[PDB]
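start-v9.cif (mmCIF, N, CA and C atoms) appears below.
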```
data_final
loop_
_atom_site.label_atom_id
_atom_site.label_comp_id
_atom_site.auth_asym_id
_atom_site.auth_seq_id
_atom_site.Cartn_x
_atom_site.Cartn_y
_atom_site.Cartn_z
N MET A 1 92.43 104.26 48.70
CA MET A 1 93.53 103.38 48.27
C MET A 1 94.69 103.52 49.24
N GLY A 2 95.76 102.81 48.98
CA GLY A 2 96.95 102.90 49.77
C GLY A 2 98.14 103.12 48.88
N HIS A 3 99.29 102.67 49.29
CA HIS A 3 100.48 102.79 48.48
C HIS A 3 101.13 101.45 48.34
N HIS A 4 101.31 101.02 47.11
CA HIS A 4 101.94 99.75 46.84
C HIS A 4 103.41 99.74 47.20
N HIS A 5 103.69 99.24 48.37
CA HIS A 5 105.01 99.14 48.91
C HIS A 5 105.04 97.94 49.84
N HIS A 6 104.97 96.77 49.26
CA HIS A 6 105.10 95.56 50.01
C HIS A 6 105.65 94.46 49.13
N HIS A 7 106.95 94.31 49.17
CA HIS A 7 107.67 93.33 48.37
C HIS A 7 108.76 92.68 49.23
N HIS A 8 108.62 92.86 50.51
CA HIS A 8 109.53 92.31 51.50
C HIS A 8 108.76 92.19 52.79
N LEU A 9 108.03 93.22 53.09
CA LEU A 9 107.16 93.22 54.22
C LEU A 9 105.76 93.60 53.78
N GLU A 10 104.87 93.87 54.70
CA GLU A 10 103.48 94.06 54.36
C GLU A 10 102.91 95.43 54.66
N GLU A 11 101.75 95.65 54.08
CA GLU A 11 100.91 96.71 54.34
C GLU A 11 99.59 96.13 54.69
N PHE A 12 99.16 96.46 55.82
CA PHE A 12 97.92 96.03 56.31
C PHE A 12 97.01 97.17 56.47
N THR A 13 95.77 97.02 56.19
CA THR A 13 94.86 98.07 56.46
C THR A 13 94.15 97.69 57.77
N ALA A 14 93.86 98.66 58.63
CA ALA A 14 93.35 98.38 60.00
C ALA A 14 92.13 97.44 60.05
N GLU A 15 91.15 97.67 59.20
CA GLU A 15 89.95 96.82 59.16
C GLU A 15 90.29 95.42 58.66
N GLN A 16 91.28 95.35 57.81
CA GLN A 16 91.77 94.09 57.30
C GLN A 16 92.62 93.39 58.34
N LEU A 17 93.34 94.18 59.11
CA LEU A 17 94.18 93.68 60.17
C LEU A 17 93.33 93.09 61.27
N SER A 18 92.12 93.62 61.41
CA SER A 18 91.15 93.20 62.43
C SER A 18 90.78 91.72 62.26
N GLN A 19 91.17 91.17 61.15
CA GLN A 19 90.84 89.82 60.81
C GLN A 19 92.01 88.90 61.20
N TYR A 20 93.16 89.51 61.43
CA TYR A 20 94.39 88.82 61.83
C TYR A 20 94.49 88.75 63.35
N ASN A 21 93.33 88.64 63.96
CA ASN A 21 93.19 88.57 65.41
C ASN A 21 93.56 87.18 65.94
N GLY A 22 93.70 86.23 65.03
CA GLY A 22 94.19 84.92 65.40
C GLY A 22 93.14 83.89 65.71
N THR A 23 91.94 84.32 66.00
CA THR A 23 90.92 83.36 66.38
C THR A 23 90.23 82.78 65.15
N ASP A 24 90.48 83.36 64.00
CA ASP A 24 89.84 82.86 62.80
C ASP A 24 90.68 81.74 62.21
N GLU A 25 90.47 80.51 62.71
CA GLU A 25 91.20 79.31 62.25
C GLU A 25 92.68 79.44 62.47
N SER A 26 92.99 80.32 63.36
CA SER A 26 94.31 80.65 63.74
C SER A 26 95.09 81.27 62.59
N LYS A 27 94.72 82.50 62.27
CA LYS A 27 95.47 83.30 61.31
C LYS A 27 96.72 83.82 62.02
N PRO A 28 97.74 84.31 61.30
CA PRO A 28 98.89 84.92 61.94
C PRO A 28 98.46 86.19 62.66
N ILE A 29 98.90 86.33 63.88
CA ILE A 29 98.47 87.43 64.71
C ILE A 29 99.46 88.56 64.57
N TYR A 30 98.97 89.75 64.44
CA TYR A 30 99.78 90.89 64.26
C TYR A 30 99.19 91.96 65.09
N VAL A 31 100.01 92.73 65.68
CA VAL A 31 99.57 93.81 66.46
C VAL A 31 100.19 95.06 65.93
N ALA A 32 99.41 96.05 65.72
CA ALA A 32 99.91 97.25 65.18
C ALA A 32 99.90 98.32 66.22
N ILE A 33 100.90 99.12 66.20
CA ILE A 33 101.01 100.21 67.10
C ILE A 33 101.53 101.40 66.36
N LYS A 34 100.71 102.43 66.21
CA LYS A 34 101.12 103.71 65.62
C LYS A 34 101.47 103.49 64.12
N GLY A 35 100.87 102.45 63.55
CA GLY A 35 101.10 102.14 62.16
C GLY A 35 102.21 101.12 61.96
N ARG A 36 102.79 100.69 63.05
CA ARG A 36 103.89 99.75 63.04
C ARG A 36 103.32 98.38 63.35
N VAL A 37 103.35 97.47 62.40
CA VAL A 37 102.80 96.14 62.62
C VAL A 37 103.87 95.19 63.11
N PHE A 38 103.67 94.69 64.28
CA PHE A 38 104.57 93.76 64.90
C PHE A 38 103.96 92.37 64.84
N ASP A 39 104.78 91.37 64.64
CA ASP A 39 104.29 89.99 64.63
C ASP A 39 104.28 89.46 66.05
N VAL A 40 103.19 88.84 66.43
CA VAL A 40 103.07 88.27 67.76
C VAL A 40 102.66 86.81 67.72
N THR A 41 103.06 86.10 66.68
CA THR A 41 102.76 84.68 66.61
C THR A 41 103.58 83.92 67.66
N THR A 42 104.67 84.54 68.07
CA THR A 42 105.53 84.03 69.11
C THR A 42 104.83 84.12 70.48
N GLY A 43 103.87 85.02 70.56
CA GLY A 43 103.11 85.21 71.77
C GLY A 43 101.64 84.99 71.51
N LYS A 44 101.34 84.02 70.66
CA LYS A 44 99.98 83.73 70.27
C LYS A 44 99.09 83.41 71.45
N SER A 45 99.61 82.66 72.39
CA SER A 45 98.86 82.28 73.57
C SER A 45 98.45 83.51 74.40
N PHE A 46 99.21 84.58 74.25
CA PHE A 46 98.96 85.81 74.95
C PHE A 46 98.04 86.72 74.13
N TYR A 47 98.25 86.73 72.82
CA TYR A 47 97.51 87.62 71.94
C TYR A 47 96.29 86.99 71.26
N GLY A 48 96.48 86.02 70.35
CA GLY A 48 95.36 85.55 69.56
C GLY A 48 94.95 84.14 69.86
N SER A 49 94.60 83.90 71.09
CA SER A 49 94.14 82.58 71.53
C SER A 49 93.17 82.77 72.69
N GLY A 50 92.62 83.96 72.78
CA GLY A 50 91.80 84.31 73.91
C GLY A 50 92.68 84.71 75.06
N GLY A 51 93.67 85.51 74.76
CA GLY A 51 94.64 85.91 75.75
C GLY A 51 94.28 87.20 76.39
N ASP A 52 95.11 87.63 77.30
CA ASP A 52 94.84 88.84 78.04
C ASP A 52 95.20 90.07 77.22
N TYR A 53 95.94 89.87 76.14
CA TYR A 53 96.29 90.94 75.20
C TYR A 53 95.43 90.82 73.95
N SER A 54 94.23 90.27 74.12
CA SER A 54 93.32 90.00 73.01
C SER A 54 92.93 91.29 72.26
N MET A 55 92.99 92.43 72.93
CA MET A 55 92.58 93.69 72.29
C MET A 55 93.63 94.18 71.33
N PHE A 56 94.82 93.65 71.48
CA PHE A 56 95.96 94.01 70.67
C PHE A 56 96.00 93.15 69.41
N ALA A 57 95.64 91.89 69.59
CA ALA A 57 95.61 90.90 68.52
C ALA A 57 94.77 91.34 67.33
N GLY A 58 95.44 91.61 66.22
CA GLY A 58 94.77 91.99 65.00
C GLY A 58 94.20 93.38 65.07
N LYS A 59 94.85 94.24 65.80
CA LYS A 59 94.40 95.54 65.94
C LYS A 59 95.58 96.48 66.07
N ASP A 60 95.43 97.69 65.60
CA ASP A 60 96.36 98.73 65.95
C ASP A 60 95.85 99.29 67.27
N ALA A 61 96.61 99.14 68.30
CA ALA A 61 96.16 99.48 69.63
C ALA A 61 96.75 100.78 70.14
N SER A 62 97.20 101.63 69.24
CA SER A 62 97.91 102.86 69.61
C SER A 62 97.14 103.75 70.61
N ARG A 63 95.94 104.18 70.25
CA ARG A 63 95.10 104.96 71.15
C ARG A 63 94.90 104.26 72.50
N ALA A 64 94.72 102.95 72.47
CA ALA A 64 94.36 102.18 73.66
C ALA A 64 95.54 102.10 74.57
N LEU A 65 96.69 102.03 73.96
CA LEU A 65 97.93 102.02 74.66
C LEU A 65 98.11 103.31 75.43
N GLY A 66 97.85 104.42 74.75
CA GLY A 66 98.02 105.71 75.34
C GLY A 66 96.99 106.01 76.39
N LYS A 67 95.80 105.46 76.24
CA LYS A 67 94.75 105.69 77.21
C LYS A 67 94.87 104.70 78.35
N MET A 68 95.47 103.53 78.04
CA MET A 68 95.69 102.40 78.97
C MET A 68 94.40 101.63 79.11
N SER A 69 93.62 101.71 78.07
CA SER A 69 92.32 101.12 78.00
C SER A 69 92.34 99.88 77.13
N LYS A 70 91.42 99.02 77.41
CA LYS A 70 91.29 97.75 76.74
C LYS A 70 89.98 97.69 75.98
N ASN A 71 89.07 98.57 76.34
CA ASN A 71 87.79 98.67 75.67
C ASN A 71 87.97 98.90 74.16
N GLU A 72 87.42 97.97 73.38
CA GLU A 72 87.59 97.87 71.92
C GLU A 72 87.18 99.12 71.18
N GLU A 73 86.29 99.88 71.77
CA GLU A 73 85.81 101.10 71.15
C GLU A 73 86.89 102.17 71.14
N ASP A 74 87.86 102.01 72.03
CA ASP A 74 88.95 102.96 72.14
C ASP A 74 90.15 102.44 71.38
N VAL A 75 90.31 101.12 71.37
CA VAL A 75 91.42 100.49 70.65
C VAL A 75 91.25 100.81 69.16
N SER A 76 92.18 101.57 68.62
CA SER A 76 92.03 102.15 67.33
C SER A 76 93.40 102.61 66.82
N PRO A 77 93.62 102.64 65.48
CA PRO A 77 94.90 103.05 64.86
C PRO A 77 95.12 104.58 64.84
N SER A 78 94.44 105.29 65.68
CA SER A 78 94.51 106.73 65.67
C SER A 78 95.24 107.25 66.87
N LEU A 79 96.10 108.18 66.60
CA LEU A 79 96.91 108.81 67.59
C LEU A 79 96.49 110.22 67.82
N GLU A 80 96.05 110.88 66.78
CA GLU A 80 95.76 112.26 66.92
C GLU A 80 94.37 112.53 67.42
N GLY A 81 94.26 112.38 68.68
CA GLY A 81 93.10 112.72 69.41
C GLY A 81 93.45 112.76 70.87
N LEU A 82 94.74 112.81 71.12
CA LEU A 82 95.30 112.84 72.43
C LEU A 82 96.63 113.59 72.42
N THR A 83 97.05 114.06 73.57
CA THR A 83 98.21 114.92 73.69
C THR A 83 99.50 114.14 74.00
N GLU A 84 100.59 114.87 74.28
CA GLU A 84 101.87 114.24 74.56
C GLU A 84 101.88 113.37 75.80
N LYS A 85 101.16 113.75 76.84
CA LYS A 85 101.08 112.93 78.07
C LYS A 85 100.52 111.53 77.72
N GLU A 86 99.59 111.56 76.79
CA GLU A 86 98.84 110.44 76.32
C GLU A 86 99.69 109.63 75.38
N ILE A 87 100.22 110.32 74.42
CA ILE A 87 101.16 109.79 73.47
C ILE A 87 102.36 109.13 74.15
N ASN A 88 102.92 109.78 75.18
CA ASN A 88 104.04 109.18 75.92
C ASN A 88 103.67 107.87 76.52
N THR A 89 102.43 107.76 76.89
CA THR A 89 101.94 106.57 77.46
C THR A 89 101.99 105.40 76.44
N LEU A 90 101.55 105.63 75.17
CA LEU A 90 101.64 104.55 74.16
C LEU A 90 103.08 104.34 73.76
N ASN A 91 103.83 105.43 73.81
CA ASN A 91 105.23 105.48 73.40
C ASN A 91 106.01 104.47 74.22
N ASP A 92 105.56 104.30 75.45
CA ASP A 92 106.14 103.34 76.39
C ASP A 92 105.91 101.94 75.85
N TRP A 93 104.65 101.68 75.50
CA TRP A 93 104.22 100.40 74.95
C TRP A 93 104.96 100.05 73.66
N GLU A 94 105.09 101.04 72.76
CA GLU A 94 105.83 100.85 71.49
C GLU A 94 107.19 100.27 71.77
N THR A 95 107.86 100.89 72.70
CA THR A 95 109.21 100.56 73.12
C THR A 95 109.31 99.10 73.61
N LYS A 96 108.25 98.64 74.23
CA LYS A 96 108.23 97.34 74.84
C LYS A 96 108.09 96.29 73.78
N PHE A 97 107.21 96.56 72.86
CA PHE A 97 106.96 95.71 71.72
C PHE A 97 108.15 95.74 70.77
N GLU A 98 108.73 96.91 70.65
CA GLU A 98 109.90 97.18 69.83
C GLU A 98 111.10 96.31 70.15
N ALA A 99 111.17 95.78 71.34
CA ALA A 99 112.32 95.01 71.71
C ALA A 99 112.03 93.54 71.60
N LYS A 100 110.77 93.20 71.37
CA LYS A 100 110.39 91.81 71.41
C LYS A 100 109.96 91.36 70.05
N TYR A 101 109.08 92.13 69.47
CA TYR A 101 108.44 91.77 68.25
C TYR A 101 109.03 92.54 67.10
N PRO A 102 109.14 91.91 65.94
CA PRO A 102 109.62 92.55 64.74
C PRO A 102 108.51 93.28 64.00
N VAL A 103 108.83 94.41 63.44
CA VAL A 103 107.88 95.14 62.63
C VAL A 103 107.86 94.51 61.25
N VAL A 104 106.80 93.80 60.98
CA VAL A 104 106.66 93.08 59.73
C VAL A 104 105.90 93.89 58.68
N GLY A 105 105.60 95.12 59.00
CA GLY A 105 104.95 95.95 58.05
C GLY A 105 104.26 97.12 58.66
N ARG A 106 103.41 97.73 57.90
CA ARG A 106 102.66 98.90 58.32
C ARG A 106 101.22 98.58 58.43
N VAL A 107 100.52 99.41 59.13
CA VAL A 107 99.11 99.37 59.08
C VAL A 107 98.65 100.71 58.56
N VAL A 108 97.72 100.66 57.69
CA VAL A 108 97.27 101.80 56.97
C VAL A 108 95.81 102.01 57.08
N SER A 109 95.47 103.23 57.05
CA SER A 109 94.15 103.65 56.97
C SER A 109 94.19 104.89 56.08
#
```
For the structure just supplied, provide its representation as structure tokens.
Amino acid sequence: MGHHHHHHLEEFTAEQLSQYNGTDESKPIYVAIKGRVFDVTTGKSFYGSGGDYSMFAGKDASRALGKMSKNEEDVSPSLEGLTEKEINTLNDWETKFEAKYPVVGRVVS
């Protein structure tokens, strides 16, 4: 289960978020990073339209950010399997998204 705390913003579960990749009849695209769900409908052409950030679209890309990998097997909502050098690497990405996209909720697992 999760925690019922969504009456202004959302709670997304990662596998459920995987469906918000945008290609499914054009659902709203959301990208999660470190549990922070950012809306990227403003950048749909980049994220959920067969874009170059397609691995981010409807995914928590935290691990992938830190590894700098795009391979879907690595793109995952997990942070604790890498160290600070690694973490700093995603931390950079968070910051970038943080200034552009609004956190519309959490992603949960």
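For the choices A:53, A:101, A:93, A:12, the atom-to-atom distance to residue A:38 is smallest for A:101 when using only N, CA and C atoms.
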Any chance you could work out the residue set of the PyMOL selection byres ((chain A and resi 57) around 6) here, as an MDAnalysis selection string?
-> chainID A and resid 20:22 29:31 47:48 53:56 58:59
As lines of an AutoDock Vina configuration file, please: the centre and edge lengths in Å, to one decimal, of an axis-aligned box enclosing every listed atom of stretch 37-56 of chain A with 3 Å added on each side.
```
center_x = 98.7
center_y = 89.9
center_z = 70.2
size_x = 19.7
size_y = 21.2
size_z = 21.6
```
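Closest approach to residue A:32 from the set A:14, A:60, A:75, A:67 is made by A:60, with distances taken over all atoms listed in the file.
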So which residues fall inside 6.5 Å of (96.0, 109.6, 74.3) if we count all atoms listed in the file? Mind giving them as a list in words?
-> residues 63, 66, 67, 81, 82, 83, 85, 86 and 87 of chain A
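Under the PyMOL selection byres ((chain A and resi 76) around 6), the matching residues in the shown file are residues 60, 61, 62, 63, 64, 73, 74, 75, 77 and 78 of chain A.
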What would the file look like if the residues just selected were written as a short mmCIF file (atom, residue, chain, number, x, y, z; two decimals), in the coordinates of the input with N, CA and C atoms?
```cif
data_model
loop_
_atom_site.label_atom_id
_atom_site.label_comp_id
_atom_site.auth_asym_id
_atom_site.auth_seq_id
_atom_site.Cartn_x
_atom_site.Cartn_y
_atom_site.Cartn_z
N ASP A 60 95.43 97.69 65.60
CA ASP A 60 96.36 98.73 65.95
C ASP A 60 95.85 99.29 67.27
N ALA A 61 96.61 99.14 68.30
CA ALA A 61 96.16 99.48 69.63
C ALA A 61 96.75 100.78 70.14
N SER A 62 97.20 101.63 69.24
CA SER A 62 97.91 102.86 69.61
C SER A 62 97.14 103.75 70.61
N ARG A 63 95.94 104.18 70.25
CA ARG A 63 95.10 104.96 71.15
C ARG A 63 94.90 104.26 72.50
N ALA A 64 94.72 102.95 72.47
CA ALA A 64 94.36 102.18 73.66
C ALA A 64 95.54 102.10 74.57
N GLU A 73 86.29 99.88 71.77
CA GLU A 73 85.81 101.10 71.15
C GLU A 73 86.89 102.17 71.14
N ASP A 74 87.86 102.01 72.03
CA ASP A 74 88.95 102.96 72.14
C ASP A 74 90.15 102.44 71.38
N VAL A 75 90.31 101.12 71.37
CA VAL A 75 91.42 100.49 70.65
C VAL A 75 91.25 100.81 69.16
N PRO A 77 93.62 102.64 65.48
CA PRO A 77 94.90 103.05 64.86
C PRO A 77 95.12 104.58 64.84
N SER A 78 94.44 105.29 65.68
CA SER A 78 94.51 106.73 65.67
C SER A 78 95.24 107.25 66.87
#
```
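You will find atom C of residue A:6 at 9.1 Å from atom CA of residue A:105.
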Give as an MDAnalysis selection string the residues that the PyMOL selection byres (((chain A and resi 109 and name CA) around 7) and name CA) matches when applied to the coordinates above.
-> chainID A and resid 13:14 107:108
Using backbone DSSP assignments, extract all strand (DSSP E or B) residues from stretch 9-55 of chain A; output them as an MDAnalysis selection string.
-> chainID A and resid 10:13 30:33 36:39
Starting from the sparse input, extend stretch 17-37 of chain A to N, CA, C and O atoms and give the output as a compact mmCIF listing (two decimals), keeping the file's coordinate frame.
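The result, written out as out-v3.txt:
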```txt
# COMPACT_ATOMS: atom_id res chain seq x y z
N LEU A 17 93.34 94.18 59.11
CA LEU A 17 94.18 93.68 60.17
C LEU A 17 93.33 93.09 61.27
O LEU A 17 93.74 92.17 61.95
N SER A 18 92.12 93.62 61.41
CA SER A 18 91.15 93.20 62.43
C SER A 18 90.78 91.72 62.26
O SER A 18 90.17 91.10 63.14
N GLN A 19 91.17 91.17 61.15
CA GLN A 19 90.84 89.82 60.81
C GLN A 19 92.01 88.90 61.20
O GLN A 19 91.85 87.70 61.34
N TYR A 20 93.16 89.51 61.43
CA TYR A 20 94.39 88.82 61.83
C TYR A 20 94.49 88.75 63.35
O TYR A 20 95.57 88.75 63.94
N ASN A 21 93.33 88.64 63.96
CA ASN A 21 93.19 88.57 65.41
C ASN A 21 93.56 87.18 65.94
O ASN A 21 93.69 86.97 67.14
N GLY A 22 93.70 86.23 65.03
CA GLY A 22 94.19 84.92 65.40
C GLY A 22 93.14 83.89 65.71
O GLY A 22 93.41 82.71 65.68
N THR A 23 91.94 84.32 66.00
CA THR A 23 90.92 83.36 66.38
C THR A 23 90.23 82.78 65.15
O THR A 23 89.48 81.80 65.24
N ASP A 24 90.48 83.36 64.00
CA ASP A 24 89.84 82.86 62.80
C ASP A 24 90.68 81.74 62.21
O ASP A 24 91.57 82.00 61.40
N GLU A 25 90.47 80.51 62.71
CA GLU A 25 91.20 79.31 62.25
C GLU A 25 92.68 79.44 62.47
O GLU A 25 93.50 78.73 61.88
N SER A 26 92.99 80.32 63.36
CA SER A 26 94.31 80.65 63.74
C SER A 26 95.09 81.27 62.59
O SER A 26 95.93 80.62 61.94
N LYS A 27 94.72 82.50 62.27
CA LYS A 27 95.47 83.30 61.31
C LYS A 27 96.72 83.82 62.02
O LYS A 27 96.79 83.74 63.25
N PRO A 28 97.74 84.31 61.30
CA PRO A 28 98.89 84.92 61.94
C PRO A 28 98.46 86.19 62.66
O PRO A 28 97.73 87.02 62.11
N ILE A 29 98.90 86.33 63.88
CA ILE A 29 98.47 87.43 64.71
C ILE A 29 99.46 88.56 64.57
O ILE A 29 100.68 88.34 64.61
N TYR A 30 98.97 89.75 64.44
CA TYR A 30 99.78 90.89 64.26
C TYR A 30 99.19 91.96 65.09
O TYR A 30 97.98 92.06 65.21
N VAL A 31 100.01 92.73 65.68
CA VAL A 31 99.57 93.81 66.46
C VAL A 31 100.19 95.06 65.93
O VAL A 31 101.40 95.11 65.68
N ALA A 32 99.41 96.05 65.72
CA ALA A 32 99.91 97.25 65.18
C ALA A 32 99.90 98.32 66.22
O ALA A 32 99.02 98.38 67.07
N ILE A 33 100.90 99.12 66.20
CA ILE A 33 101.01 100.21 67.10
C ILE A 33 101.53 101.40 66.36
O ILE A 33 102.65 101.36 65.87
N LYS A 34 100.71 102.43 66.21
CA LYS A 34 101.12 103.71 65.62
C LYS A 34 101.47 103.49 64.12
O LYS A 34 102.22 104.23 63.51
N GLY A 35 100.87 102.45 63.55
CA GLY A 35 101.10 102.14 62.16
C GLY A 35 102.21 101.12 61.96
O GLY A 35 102.52 100.75 60.83
N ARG A 36 102.79 100.69 63.05
CA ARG A 36 103.89 99.75 63.04
C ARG A 36 103.32 98.38 63.35
O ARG A 36 102.82 98.16 64.45
N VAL A 37 103.35 97.47 62.40
CA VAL A 37 102.80 96.14 62.62
C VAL A 37 103.87 95.19 63.11
O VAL A 37 104.84 94.93 62.42
```
